[PDB]
Structure formats: C-alpha cells, structure tokens
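Single chain ahead, by itself, as structure tokens, in the form deposited in one PDB entry.
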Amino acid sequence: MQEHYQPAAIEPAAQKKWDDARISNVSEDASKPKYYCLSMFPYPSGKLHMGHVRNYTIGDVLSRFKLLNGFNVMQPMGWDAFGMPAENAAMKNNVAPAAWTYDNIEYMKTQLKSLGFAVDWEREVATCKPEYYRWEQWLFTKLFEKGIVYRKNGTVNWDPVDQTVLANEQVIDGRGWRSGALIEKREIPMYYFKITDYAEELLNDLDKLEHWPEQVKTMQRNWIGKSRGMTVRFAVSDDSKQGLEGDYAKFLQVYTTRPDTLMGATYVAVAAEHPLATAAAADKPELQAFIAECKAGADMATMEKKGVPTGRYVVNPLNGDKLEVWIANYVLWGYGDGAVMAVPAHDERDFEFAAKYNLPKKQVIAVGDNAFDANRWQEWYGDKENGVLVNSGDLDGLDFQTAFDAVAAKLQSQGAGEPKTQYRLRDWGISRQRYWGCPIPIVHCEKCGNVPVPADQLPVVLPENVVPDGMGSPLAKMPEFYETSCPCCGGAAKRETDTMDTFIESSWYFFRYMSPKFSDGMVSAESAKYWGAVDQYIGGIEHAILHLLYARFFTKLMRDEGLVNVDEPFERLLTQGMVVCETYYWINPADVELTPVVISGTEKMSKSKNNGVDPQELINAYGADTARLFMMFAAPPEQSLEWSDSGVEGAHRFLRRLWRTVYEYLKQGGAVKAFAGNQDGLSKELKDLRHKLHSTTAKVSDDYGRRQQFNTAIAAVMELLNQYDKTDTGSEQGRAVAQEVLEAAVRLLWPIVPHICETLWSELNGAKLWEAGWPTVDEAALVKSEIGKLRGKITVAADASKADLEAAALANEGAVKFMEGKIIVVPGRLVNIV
C-alpha cells in the first residue's frame, strides 16, 4: 500500500474496476430485488456545474447504499436534448443544434463518468434521436385518434419584427424582448392534450403518495385547482335588456365557490368580452376604451384591479336586490361563465375593489363574537369553517356546508342555479413554433384534413442539417421537409411544421430506460412488469408542478394504453437544495483568488453571473471523492449549500486522514480476521469501541435509508474514527476490533466516496466489497454491563429506570426481612427505603 492518498491515481483505477465487473449494468434479474433510483436527466446545454453534481451525487449515494444491501439497482442517465438552449447556440455560434447537442453530450458524459457515478450507461438515451422520439409521435397519433389530443385555435404572442411566436416570459410591458415591438395576439390552430379529462384522477391519486414532500403535493393540488361551487343565474332587469340576444337577454350566470354568501353580493362583474359589456359599451365611449385596455393586457394578483360601471342591472334570485354590472379587468373570458358575483365583506379581492370604488359591503357571516369593520379587512371575514350566516333572513344560523345545500336547494327549485365542480387546470398546449423539437406527426390534406401519420411511417424525422436564424421556424421554409403525400388518399399534402413541447420527452423517459432498445413500443411489457415504478426520484423543486404533473399524466395515459401497470411514476421524491457561491467582476471563481476584482454577493450558481464552479476544475485540484464528500457533508440535501473553499479543503483532509488511518493500521501488523462473535472477555475500552461501531452502523443505515440525511451519516463515521483514535488497539484482540472498525467504516462511506473506500477495502480484505455487503448491526455489542440502614444489594440493567431500582429494592430478600410490614433512589449507588 502506497503511503499518501493520491486520488488522481486511484479514482480511474477504481472506475475501471467497476466497469469491468459491470456492477452498474443491470438486467431484469428476477433473482434480485429491483431498485430504480433516478435523477432528473439534464439538458446538454454546456458544462454541468457543482449544482448539478449535487443532484447526481445524492442519487449515487442512495443507489450505492441499495447496491450494498443486495438490490438490483438501475441508476440510468440520459440527455433531455431538445429545446431552446441549442437554438440560441445555433444562432449564436452558427452551428447546427444537433451538432452542438451531441458535442455537449460527450463533454458531459465524461464529466459524469469522472465523478464515478454507478450508472448503467447501456441504458443511456438522447431524446433528440429518432429511436426515442418516434414513440412519443406514436402515442400522439393513438391519442389523437381517441380525441385525447385534439386540434383547436389558440391565441399566441406574435412579434412582427422577429416574425416569431413569443412566450409570455419574453413579453415585457406589452412588447417583445429582443425587439421591443408591440405584441400582436393571433389565433392559430394548435394541438392540445385533454389533460382536464384526467383532472380528478391526477388530484385524488396524490393522496397515494405518502413518501412525497407535502408541499409538492400541495402545489400540485393548487395547480389543478378543484373547487366545488355553485352556478348562479341573475335575471337581467327589464331596463337592462338593451342590446342582448339569446340567453344573455334573460340572465347573467356566474360561478361561485361561496354560494353561502349570495345574500351579501353587492355588485357583479363581467369580462370585457362578455355580451353585457358589449351592449353597455355601444353608446358609451368610456366603456369602449376600458374594453380595449383589457383586451391588450400569473400577473393576476400582481395587477391593479380595475372596473367601470355599466348602468346595467341584474336581480339576486335570493333577496331581490338589483345589482349593477361592472366590467372588470380581472374577470377572464374562458374560465367558467366569464362573470362573477362580488361579496366585498367576505372576499379580500372584492373588499379592495369595493374600498377603491366605495361599493357597498354586506356582512352575511359572523365568526363567534368577532366584530365586523367595513373599513378594515380581517382574515376571519373569509372564514369558511367557523363562520355562521347572519343578515341572511331564512338562512340565518347555518354553517358553510348546510347553507351551501340550502342555497343549492333554493336555487334548483327556482331553476336559478345548480351545483358545479370546476378546475383551474387548462388543457396542455403542445405546439411549438420552433425547429429543435419533436415533429408533430400530422399531415394536412386539402381533402382529408389533419390526418395522423400511420404507425409504420413513424418516425417523422427532424432534419438535423439545419442552422436556425430566429426569423421563423426553418421547417416552414423547408419544402423538402413539409411536402409529402396524404396517407389516406395519396394526394399532395403538407407536414405539420410545429414541434412538440419538450416537456413531452421528460414525461415518459423514465419508462424508456426500462427498455431503451425496444423497437416495438414505448417500453417492453417484460421490462415494465419488472421495474414497475421509480422507487426514488431526485430533482429540483422548480419541476414540482409542470414536469411532475405531466409525467403523472403520461403514466396514466400509458397505463390506459396497456403499456405499464402502475398508476404513479415516482414512489419517493427528494428535492435537493440549491447551491450558491460568491460572485466576482463577471469572473468565474476559478479565475479568482483572494487575500484586482470586485468580490460581490452570494447567489445561486448560474450563468447569469458566471459563478458556476466547474466540477472538472474541482476534480483536477482535489479528485472526485473530495467533491462528492464536500457536498454530502456541507448541508442536509434539502438545505441550500454554500460553496466553500475551506469546506473543500477540509473534505480532502478527511480523506487523507482516512487513508492514513488504514495505512498506519496495516503498517503495524497487516490485516487480521475482523472481530466477530461473543465479546465477553474483551476489555472495557474495546467493548466501548465495538459499541460505538455498531451504534454508528445503525445510525448511518437509518440516515441513508429512512432520513436521507447524508451529512449526519458522515459525522457519525468521523465520531467512530475519533473514538478509534483514542483506543489502544495494539493487542491481539485489539487488532481484531480495529479490523472490524475499519472494514465497517470504509463500507459505511463507500456510497459517499467510493473510490477511496474501494481502494482501502482491498488493502483490508480480499473479498469483493459488494459481496461482503452493507455492514450488519451486532445487537449484543449494544448491551452495556449490569450494575433505613443497609441490608441488601441488587443487580440492575444499565438502562434501568428509577422505578426499576425502587422495584427491585422493595423486593429484596434483605429488605423485606428488615421491612417488618420515601424510597431514596441514588442511580448506580444505592436505594434506601426509609
């Protein structure tokens, strides 16, 4: 054994050893219990930085923990390769996005392989390859035929200068980002997944996810946004029918989730495009301009709420009050009825609207004896659970649910309204007017219409010999791509030139890893049956809503097609915290050392301030194990992690110390058979070290397996080494216990720092580390030894309580013979019955 720790020497040798034994290349091995650990696969956008490395280290720690415990572990890796990053670089560097993407993949694969992650590279996928994306084209065509995917006009942000469609993120103050030209809203045909048909399933199945963080489930429930409420109709007054046709001449219909407060409605509000808004605005120039301002305008709660009165009235069907209709900019045409009622005394938005315009407020709910103040909003005004109806005539005294049913009763009997369930969830628009994405497998025929490509003609292949220029999608300018023949009639036709939302690839990639070479389907039945669901998913909170909901949606779509048999894709979910670092100017922290540049503020590792720390720089300086160790030790995985030059150094020193501990141990006599069995006759000090050892094994196992807090696992091993360092292990029985401690220490740490622990393990023991397996707890090592006047002595467990001593004291042969018909308890010394 070499004396000094040389990571640049041992790490490639250890990685070579693991690849040769194919430890991480796995099959559907029925002889071993499966474990599917998955980290969110990256966009191949450049270099990974320490932030990404934290994510993949965590996955590797859990994977290797399960490996050592005998599982058949699949830890797959892959490339989320479509999307905007490459198209910017395609414009930026005058390079094909494909060429730039594949180049990126190679740099990052070697980056990852150098960190020593236990990854099945034979299951690697790149989502920009036709062998991948053909299967999401296939699913598209199957769902299109069933109407689960449909085509429909939607409105988009058109920039007339750049001549491209803009995302709302790129629409600042009404104008485009790279142009500052006023955005034109355009109606164009687009494709949608009917995700609203699955809203109830997506919502209720969250309850199954007992090993998901509660806030993730809460964000999903709120995004879906189910409500059980009331459709309510307000008769238009005789004086207000002016201009209205059809059912709009008869009644104004709203949706409300507080029908229990209908007796406190003091005005109503309609969207700019509502027919009432149009009829009122006919001879009223002020309303015309307000309608116009609304049409041009996420930012809902942020925007100043505005309205104008219309002079039109509707009648409350419960109390007969004539209420004025307002046009308001917060009422959106396309959600529910495009009109709402307003209850300023019990809804905070209505309260502010009403306090702005001096509109009436009517208290119709009281909460205990809390007093009502029409000039100050108070949280209890909105109380749905502890309030009870006041000023509501007949309804006076009911609670929310009974008044709901009473109002539903009354309304239905008048024909004036019915209960209704609504969802905030919109359908999922997947059309993108971008080149670097999966082609939509539709052909447009002037005779047959929009027709799906037949399955045997899939994939529709995206040409990779393209350099976009940002002045439109190149596919719409590429005759050799879009000219084709109709699959239904043989006539001349045109391919769809929009590509798919690149969330589509990340919505099923975890199934493709089960059989990434399968050519007869998205995923083979044999492999989906074996791998089941992802046991453990690790990724950033930024994907807690859309990506996770889409992946759950796709799972249920695929189950309903018969391709998988689970309802939910991810059993456990771990949300690793951000990684932050000081900034400098914008100079990368590897171009800087400190005691001329400006040492600015600490913030998330990103390209914005060029403060991403390149893991390759960190490997070249200290080795992979030091990088892994620093990030697993610096903070619990969920907490944010501050980059620290001294933290990295102190991780490295720990690895030197661990190296030197095994070396000095082996210099003083070479390896011995590790202590095992009965420890009676061991000295107190070696008993205490064995106690620390097996306590440490139980804690690390709990920290890896239950708590997933790796930083405290490492601290516990350092404690063991500390007690080892103060224990005389020179004797024969001492060396056997030292061997036991070191064989367990290097195994306990192997998931965190596998290169050094693989190397040290082999100097200690000739067996293969993964066959020796995860260290076991020796419970016998966890048992400590047993411990008026005076008349009796008793033997007590070392963990005996003060009532166990008083128990055995009161029942002693010398006590009872001196009792003749207070009990001061000194633990470990004496007990006296006075």
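In this text, rigid core is short for the largest set of C-alphas that superpose within 1.5 Å between two forms. From 1 onward, residues are counted along the sequence shown.
If you look for the form deposited in another entry, you will not find it shown, but the lines that follow are about it.
When both forms sit on the same rigid core, the CA shifts between the shown form and the other one reach 2 angstroms or more only at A289 out of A289, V461, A676, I188. After superposing the rigid core, the C-alpha of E446 moves by less than 2 Å between the shown form and the other one.
After superposition on the rigid core, the Cα of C489 moves by less than 2 Å between the shown form and the other one. With the core held fixed between the shown form and the other one, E304 has its Cα displaced by at least 2 Å.
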